[PDB]
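Colleague: Take this structure, written in structure tokens, and hold onto it; I'll ask about it next.
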Amino acid sequence: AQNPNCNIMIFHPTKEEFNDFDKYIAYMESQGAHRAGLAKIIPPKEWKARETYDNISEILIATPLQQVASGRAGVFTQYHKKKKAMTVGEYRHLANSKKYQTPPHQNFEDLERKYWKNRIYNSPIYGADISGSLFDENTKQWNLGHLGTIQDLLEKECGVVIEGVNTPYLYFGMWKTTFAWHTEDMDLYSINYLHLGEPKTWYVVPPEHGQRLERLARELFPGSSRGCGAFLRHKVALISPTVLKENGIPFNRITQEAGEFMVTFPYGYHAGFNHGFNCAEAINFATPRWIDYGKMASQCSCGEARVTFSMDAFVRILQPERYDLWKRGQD
Ligand SMILES: O=C(O)CNC(=O)C(=O)O
Ligand SMILES: [Mg+2]
Ligand code: NI
Ligand SMILES: [Zn+2]
């Protein structure tokens with residue numbers, strides 16, 4: 011078996027190998043990359059996502075989210091308070107303010123220490139899930155706005171034609187902005203490109219050990235666990251690496267820098283934080299190997315997790331028994 015310790019792999023494709031997305035994902039998996047839950051892909055040196063980022067300040071962040079923490083430094087939840095709309099220019103200015111900026115630090119490890127020590131005592135503002143793309147239409151390779159769609163994958167593999175579309179989303183982050191422990195909707199893959207700015211640190215549990223994370227999470231968030239059988243779909247729970255180590259949960263960590271791709275694999279739980287002002291673009295995608303994960307994915311039926319028009323069709327076709335009760339959560 012390739013990659014039996016489930017280490018995060020880093021790939022360096024040539025421009026020639028960067029021409030066929032599906033075939034490169036298949037290559038990565040041949041080398042065991044999926045076992046970790048997360049891989050990094052460094053694009054060829056000749057590739058660029060677009061010519062410059064000089065004209066992005068007028069993008070609107072219609073609902074910035076203030077991420078308010080509760081709990082203890084190692085084990086907390088965050089709630090997202092809606093703030094008034096601001097442009098990307100306004101947001102970058104706010105991110106760079108004395109109140110919100112990244113503190114002085116030695117290296118990524120000192121900054122990670124400061125994050126886990128101090129996160130709960132601040133409420134950074136996140137511009138998340140903004141439909142859109144920053145790829146130039148003339149970028150032909152690994153353009154997250156031109157991938158083949160999950161609907162077409164289901165059609166090619168399974169023969170069923172469904173409604174729905176699949177488009178990318180932009181994330182504008184600042185110091186301490188946080189993504190809680192989750193897998194993707196319907197345990198899909200995701201791909202994330204860091205377009206500009208400061209890094210993003212990721213933590214990931216191997217898919218083969220996801221249930222161990224869930225068991226710990228039920229113990230650490232006992233009331234949430236009673237209220238919903240898949241409460242990590244709410245995307246509010248944080249657990250530090252120290253706590254994961256104390257409880258024997260296998261995981262890995264890696265820092266993504268501007269100009270690099272990350273791929274998360276089906277049922278790879280991940281969490282992380284941003285080092286300072288940045289902009290990422292991400293989209294879900296599927297392969298043939300995904301199909302059985304889609305059939306087995308947990309679902310939120312307390313109704314908190316509340317998810318897309320397009321995810322309806324996936325649940326209807328892959329999880330017809332759940333469909334009924336699931337749609338009660340979403341209506
Ligand atoms: O970048 C973020 O804030 C979160 N991204 C993801 O969880 C992802 O790409 O799967
Ligand atoms: Mg603009
Ligand atoms: Ni994700
Ligand atoms: Zn729920």
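Each residue of the sequence shown is one higher than the one before, counting from 11 in the entry's author numbering.
Don't be surprised by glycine CBs; every beta carbon is placed ideally from N, CA and C.
1. At 4 residues or longer, and completely inside the segment 230-280: list those alpha helix (DSSP H) runs for me, N to C.
2. Give the DSSP-derived three-state secondary structure of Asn132 in the structure shown.
3. Please determine if the segment 147-161 and the segment 281-294 are in contact, where contact requires at least 3 C-beta pairs separated by less than 8 Å.
4. Ordered along the chain, which non-local residues of its own chain (more than five positions away) have a Cβ less than 7 Å from that of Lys245?
5. Where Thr177 and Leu144 are concerned, what is the direct C-alpha to C-alpha distance, given to the nearest angstrom?
6. Mind listing which residues have their beta carbon within less than 5 Å of any non-hydrogen atom of ligand 4? Chain order is fine.
7. Near ligand 2, which residues have their beta-carbon closer than 6 Å to a heavy atom?
8. Check this for me: beta carbons of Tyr136 and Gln221, under 7 Å apart or not?
9. Reducing DSSP to helix, strand and coil, say where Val98 ends up.
10. Hey, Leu226 and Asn257 are a contact pair by Cβ (cut 8 Å); roughly how many whole angstroms apart?
11. Where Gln266 and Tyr179 are concerned, what is the direct C-alpha to C-alpha distance, given to the nearest angstrom?
12. Spell out the partners DSSP gives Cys289 in its beta bridges.
13. Under 6 Å: does the beta carbon of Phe189 sit that close to some heavy atom of ligand 1?
14. With burial defined as no fewer than 16 other Cβ atoms inside 10 Å of the residue's Cβ, what is the status of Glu122: buried or exposed?
15. Assuming contact is defined by CB atoms lying nearer than 7 Å, are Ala36 and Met19 in contact in what I supplied?
16. Cβ-heavy atom distance between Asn262 and ligand 1 below 6 Å?
17. Are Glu208 and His285 close, meaning C-beta to C-beta below 7 Å?
18. Would you please state the rounded distance, in angstroms, between the beta carbons of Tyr101 and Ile71? I believe it to be under 8 Å.
19. Using CA atoms only, rank isn't needed, just tell me which of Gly339, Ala268, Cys312, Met321 is closest to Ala59.
20. Looking at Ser235 and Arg228, is the spacing between their C-beta atoms short of 7 Å?
21. Please classify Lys94 as buried or exposed, where buried requires at least 16 other C-beta atoms within 10 Å of its C-beta.
22. Would you check whether ligand 1 has a heavy atom nearer than 6 Å to the C-beta of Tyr181?
23. For the structure I just gave you, are there three or more beta carbon pairs, one from the segment 308-325 and one from the segment 181-189, closer than 8 Å?
24. Please report the straight-line C-alpha distance between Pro216 and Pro134, rounded to a whole angstrom.
Modeller: Quick answer:
1. 232-237, 251-256
2. As a first step, residue 132 is located in the sequence shown; it is residue number 122 there, counting from the start. Residue state for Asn132 is assigned as coil, using DSSP reduced to three classes.
3. yes
4. Taking the sequence shown and counting its residues from 1, the one referred to as residue 245 is at position 235. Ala190, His192.
5. Within the sequence shown, residue 177 is the residue found at index 167, counting from 1. Within the sequence shown, residue 144 is the residue found at index 134, counting from 1. In this model, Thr177 and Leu144 are separated by some 12 Å (Cα to Cα).
6. The filter returns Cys238, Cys310, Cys312, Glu314, in chain order.
7. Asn65, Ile66, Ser67, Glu68, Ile69
8. Along the sequence shown, one-based indexing puts residue 136 at 126. Along the sequence shown, one-based indexing puts residue 221 at 211. For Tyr136 and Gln221, no; Cβs fall outside 7 Å.
9. Here residue 98 corresponds to residue number 88 of the sequence shown, with the count starting at 1. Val98: helix per DSSP, three-state reduction.
10. As a working mapping, residue 226 is identified with position 216 in the sequence shown. As a working mapping, residue 257 is identified with position 247 in the sequence shown. Contact annotation, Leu226 with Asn257: C-beta distance approximately 5 Å; criterion of less than 8 Å satisfied.
11. Within the sequence shown, numbered from 1, the residue matching residue 266 stands at position 256. Within the sequence shown, numbered from 1, the residue matching residue 179 stands at position 169. Each residue's alpha carbon lies about 18 Å from the other.
12. Here residue 289 refers to the residue found at position 279 of the sequence shown. According to DSSP, which records beta bridges pairwise, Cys289 is partnered with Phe182, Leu206.
13. Here residue 189 refers to the residue found at position 179 when the sequence shown is read from its first residue. True, at least one ligand heavy atom lies under 6 Å from that Cβ.
14. Stepping through the sequence shown from its first residue, residue 122 is reached at position 112. By the neighbour-count rule (16 or more Cβ atoms within 10 Å), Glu122 is buried.
15. Indexing the sequence shown from 1 puts residue 36 at position 26. Indexing the sequence shown from 1 puts residue 19 at position 9. No, they are not a contact pair.
16. For the purposes of this step, residue 262 is identified with residue 252 of the sequence shown, where counting begins at 1. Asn262: no, Cβ never under 6 Å from ligand 1.
17. Translated into positions along the sequence shown, residue 208 becomes position 198. Translated into positions along the sequence shown, residue 285 becomes position 275. Against a cut-off of 7 Å, the Cβ pair of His285 and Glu208 comes out as a contact.
18. Residue 101 sits at position 91 when you count from the first residue of the sequence shown. Residue 71 sits at position 61 when you count from the first residue of the sequence shown. About 6 Å separates the two Cβ atoms, so the contact holds.
19. Along the sequence shown, one-based indexing puts residue 59 at 49. It is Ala268.
20. For the purposes of this step, residue 228 is identified with residue 218 of the sequence shown, where counting begins at 1. For the purposes of this step, residue 235 is identified with residue 225 of the sequence shown, where counting begins at 1. Against a cut-off of 7 Å, the Cβ pair of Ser235 and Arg228 comes out as a contact.
21. Within the sequence shown, residue 94 is the residue found at index 84, counting from 1. Burial check for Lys94: the Cβ neighbour count within 10 Å stays below 16, so the residue is exposed.
22. As a working mapping, residue 181 is identified with position 171 in the sequence shown. Because some heavy atom of ligand 1 lies under 6 Å away, the Cβ of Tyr181 counts as near it: yes.
23. no
24. Your numbering for residue 216 matches position 206 in the sequence shown. Your numbering for residue 134 matches position 124 in the sequence shown. The straight-line gap from Cα to Cα measures roughly 29 Å.
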